[PDB]
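The structure under discussion appears below in the form of structure tokens.
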Amino acid sequence: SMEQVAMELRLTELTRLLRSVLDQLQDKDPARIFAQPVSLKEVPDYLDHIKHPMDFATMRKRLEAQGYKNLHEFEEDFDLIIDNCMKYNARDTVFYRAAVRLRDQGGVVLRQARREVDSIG
Ligand code: NA
């Protein structure tokens, strides 16, 4: 049907926009702290602590499968990256502080993405 096609085109354009968002967030992480999953072979107890691990490579995989149906879903995954880091790592660490800074800088990017998604429909 043409209605199905129109929904598919909308999902694709949302995907395009979420890609540009993902690239922008990732530019705020030049150290690449959040680029890849935590290795269960190097924080071996990680999964006793953190129930839903997340990272930018994992988000990129989901995005390439057009796996985010709306901005809220994408935001939830970004908030997991930040929130997991702030739980596992202490306040005094480089990791916790990098999560705080990414949250702050990512706020700006997400704030405009919400306006663009609303505006474009
Ligand atoms: Na903690």
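Here's how to read the names in the structure tokens: chain A, B, ... by the order shown, residue numbers from 1 in each chain, ligand numbers from 1 in the order shown.
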
Kindly compile the residues surrounding ligand 1 within 6 Å, counting only C-alpha atoms and all ligand atoms, and format them as a ChimeraX atom specification. /A:87-90

Write out, as an mmCIF file, in the first residue's frame, the residues just selected, with N, CA and C atoms.
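Output below, filename result-v3.cif:
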```
data_model
loop_
_atom_site.group_PDB
_atom_site.id
_atom_site.type_symbol
_atom_site.label_atom_id
_atom_site.label_comp_id
_atom_site.auth_asym_id
_atom_site.auth_seq_id
_atom_site.Cartn_x
_atom_site.Cartn_y
_atom_site.Cartn_z
ATOM 1 N N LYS A 87 26.677 5.100 37.636
ATOM 2 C CA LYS A 87 26.434 4.146 38.690
ATOM 3 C C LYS A 87 27.689 3.308 38.980
ATOM 4 N N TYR A 88 28.284 2.736 37.939
ATOM 5 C CA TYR A 88 29.431 1.829 38.098
ATOM 6 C C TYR A 88 30.677 2.558 38.610
ATOM 7 N N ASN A 89 30.908 3.771 38.107
ATOM 8 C CA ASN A 89 32.073 4.571 38.480
ATOM 9 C C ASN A 89 31.808 5.606 39.563
ATOM 10 N N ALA A 90 32.785 5.805 40.436
ATOM 11 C CA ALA A 90 32.643 6.778 41.512
ATOM 12 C C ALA A 90 32.716 8.217 41.016
#
```

Give me the residues of range 40-121 of chain A that have any atom at most 8 Å from an atom of range 22-25 of chain A; for each, the nearest atom pair and the distance in Å, rounded to one decimal. Use only C-alpha atoms, sort by chain and number, and format it as a tab-separated table.
```
residue	atom	partner	partner_atom	distance
A:56	CA	A:22	CA	7.8
A:60	CA	A:22	CA	7.6
A:102	CA	A:25	CA	7.6
A:105	CA	A:25	CA	7.9
A:106	CA	A:25	CA	5.9
A:109	CA	A:24	CA	7.2
```

When you count only C-alpha atoms, which of these residues is closest to residue 77 in chain A: A:29, A:116, A:55, A:8? A:55

How far is it from CA of residue 39 in chain A to CA of residue 59 in chain A, in Å with one decimal? 16.4 Å

Exercise: residue 73 in chain A partners within 12 Å, only C-alpha atoms, chain neighbours under 5 positions left out, as a ChimeraX atom specification: /A:14-15,18,59,62-63,66-68,78-80

File dump, residues just selected, N, CA and C atoms, as a JSON list (two decimals), in the first residue's frame:
```json
[["chain", "number", "residue", "atom", "x", "y", "z"],
["A", 14, "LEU", "N", 13.40, 9.86, 9.79],
["A", 14, "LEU", "CA", 13.76, 9.90, 11.20],
["A", 14, "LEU", "C", 15.15, 9.28, 11.44],
["A", 15, "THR", "N", 15.41, 8.10, 10.83],
["A", 15, "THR", "CA", 16.72, 7.47, 10.88],
["A", 15, "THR", "C", 17.84, 8.39, 10.44],
["A", 18, "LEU", "N", 18.34, 10.95, 13.27],
["A", 18, "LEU", "CA", 18.97, 10.29, 14.40],
["A", 18, "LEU", "C", 20.43, 9.92, 14.15],
["A", 59, "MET", "N", 24.17, 1.50, 19.64],
["A", 59, "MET", "CA", 23.14, 2.40, 19.12],
["A", 59, "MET", "C", 23.21, 2.52, 17.60],
["A", 62, "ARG", "N", 21.62, -0.48, 15.91],
["A", 62, "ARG", "CA", 20.16, -0.40, 15.97],
["A", 62, "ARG", "C", 19.63, 0.64, 14.97],
["A", 63, "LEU", "N", 20.34, 1.73, 14.81],
["A", 63, "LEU", "CA", 19.96, 2.78, 13.91],
["A", 63, "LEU", "C", 20.03, 2.31, 12.48],
["A", 66, "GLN", "N", 17.12, 0.61, 11.28],
["A", 66, "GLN", "CA", 15.94, 1.49, 11.49],
["A", 66, "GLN", "C", 15.18, 1.08, 12.73],
["A", 67, "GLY", "N", 15.94, 0.74, 13.76],
["A", 67, "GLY", "CA", 15.40, 0.23, 14.99],
["A", 67, "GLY", "C", 14.85, 1.25, 16.00],
["A", 68, "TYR", "N", 15.00, 2.54, 15.75],
["A", 68, "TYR", "CA", 14.40, 3.57, 16.64],
["A", 68, "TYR", "C", 13.13, 4.15, 15.95],
["A", 78, "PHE", "N", 20.64, 6.68, 24.92],
["A", 78, "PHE", "CA", 21.70, 7.63, 25.29],
["A", 78, "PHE", "C", 21.77, 7.80, 26.83],
["A", 79, "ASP", "N", 20.62, 7.93, 27.47],
["A", 79, "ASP", "CA", 20.56, 7.98, 28.93],
["A", 79, "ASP", "C", 21.09, 6.74, 29.65],
["A", 80, "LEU", "N", 20.95, 5.56, 29.07],
["A", 80, "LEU", "CA", 21.61, 4.36, 29.59],
["A", 80, "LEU", "C", 23.12, 4.47, 29.55]]
```

Skipping near chain neighbours, those fewer than 2 positions away, what residues fall within 12 Å of residue 95 in chain A using only C-alpha atoms, listed as a PyMOL selection string? chain A and resi 29+31-34+81-93+97-102

Residues just named, written with N, CA and C atoms as an mmCIF file, in the first residue's frame:
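Heads up, here's the output in result09.cif:
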```cif
data_model
loop_
_atom_site.group_PDB
_atom_site.id
_atom_site.type_symbol
_atom_site.label_atom_id
_atom_site.label_comp_id
_atom_site.auth_asym_id
_atom_site.auth_seq_id
_atom_site.Cartn_x
_atom_site.Cartn_y
_atom_site.Cartn_z
ATOM 1 N N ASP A 29 32.521 13.208 22.689
ATOM 2 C CA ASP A 29 33.277 12.119 23.335
ATOM 3 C C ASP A 29 34.527 11.860 22.558
ATOM 4 N N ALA A 31 37.506 11.279 23.477
ATOM 5 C CA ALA A 31 38.285 10.222 24.119
ATOM 6 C C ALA A 31 37.797 8.811 23.790
ATOM 7 N N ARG A 32 36.590 8.734 23.239
ATOM 8 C CA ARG A 32 35.960 7.522 22.863
ATOM 9 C C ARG A 32 35.698 6.577 24.049
ATOM 10 N N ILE A 33 35.391 7.157 25.194
ATOM 11 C CA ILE A 33 35.048 6.451 26.449
ATOM 12 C C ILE A 33 33.784 5.612 26.225
ATOM 13 N N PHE A 34 32.856 6.200 25.484
ATOM 14 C CA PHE A 34 31.501 5.573 25.275
ATOM 15 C C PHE A 34 31.270 4.917 23.884
ATOM 16 N N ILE A 81 23.678 4.979 28.452
ATOM 17 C CA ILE A 81 25.116 5.144 28.374
ATOM 18 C C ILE A 81 25.597 5.985 29.613
ATOM 19 N N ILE A 82 24.944 7.125 29.800
ATOM 20 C CA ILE A 82 25.325 8.065 30.844
ATOM 21 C C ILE A 82 25.074 7.481 32.227
ATOM 22 N N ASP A 83 23.859 6.978 32.431
ATOM 23 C CA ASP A 83 23.431 6.534 33.732
ATOM 24 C C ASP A 83 24.187 5.329 34.231
ATOM 25 N N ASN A 84 24.462 4.366 33.352
ATOM 26 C CA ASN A 84 25.260 3.195 33.695
ATOM 27 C C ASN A 84 26.638 3.626 34.176
ATOM 28 N N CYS A 85 27.224 4.575 33.461
ATOM 29 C CA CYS A 85 28.588 5.014 33.775
ATOM 30 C C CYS A 85 28.621 5.678 35.214
ATOM 31 N N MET A 86 27.629 6.514 35.487
ATOM 32 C CA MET A 86 27.497 7.209 36.756
ATOM 33 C C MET A 86 27.201 6.306 37.905
ATOM 34 N N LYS A 87 26.677 5.100 37.636
ATOM 35 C CA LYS A 87 26.434 4.146 38.690
ATOM 36 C C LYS A 87 27.689 3.308 38.980
ATOM 37 N N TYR A 88 28.284 2.736 37.939
ATOM 38 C CA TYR A 88 29.431 1.829 38.098
ATOM 39 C C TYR A 88 30.677 2.558 38.610
ATOM 40 N N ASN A 89 30.908 3.771 38.107
ATOM 41 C CA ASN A 89 32.073 4.571 38.480
ATOM 42 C C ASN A 89 31.808 5.606 39.563
ATOM 43 N N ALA A 90 32.785 5.805 40.436
ATOM 44 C CA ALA A 90 32.643 6.778 41.512
ATOM 45 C C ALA A 90 32.716 8.217 41.016
ATOM 46 N N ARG A 91 32.047 9.097 41.758
ATOM 47 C CA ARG A 91 32.067 10.562 41.500
ATOM 48 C C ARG A 91 33.433 11.214 41.231
ATOM 49 N N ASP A 92 34.474 10.675 41.854
ATOM 50 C CA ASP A 92 35.834 11.210 41.702
ATOM 51 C C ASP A 92 36.570 10.744 40.429
ATOM 52 N N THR A 93 35.952 9.942 39.579
ATOM 53 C CA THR A 93 36.705 9.346 38.505
ATOM 54 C C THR A 93 36.537 10.111 37.231
ATOM 55 N N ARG A 97 32.994 11.762 35.555
ATOM 56 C CA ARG A 97 33.030 13.134 35.091
ATOM 57 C C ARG A 97 32.802 13.264 33.595
ATOM 58 N N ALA A 98 33.340 12.340 32.802
ATOM 59 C CA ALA A 98 33.114 12.361 31.338
ATOM 60 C C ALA A 98 31.609 12.159 31.030
ATOM 61 N N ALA A 99 30.939 11.302 31.805
ATOM 62 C CA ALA A 99 29.474 11.074 31.637
ATOM 63 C C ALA A 99 28.694 12.372 31.937
ATOM 64 N N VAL A 100 29.078 13.073 33.002
ATOM 65 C CA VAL A 100 28.412 14.329 33.342
ATOM 66 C C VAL A 100 28.533 15.322 32.187
ATOM 67 N N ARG A 101 29.743 15.482 31.650
ATOM 68 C CA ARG A 101 30.026 16.403 30.578
ATOM 69 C C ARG A 101 29.284 16.035 29.281
ATOM 70 N N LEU A 102 29.228 14.745 28.978
ATOM 71 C CA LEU A 102 28.480 14.277 27.808
ATOM 72 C C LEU A 102 26.978 14.519 27.933
#
```
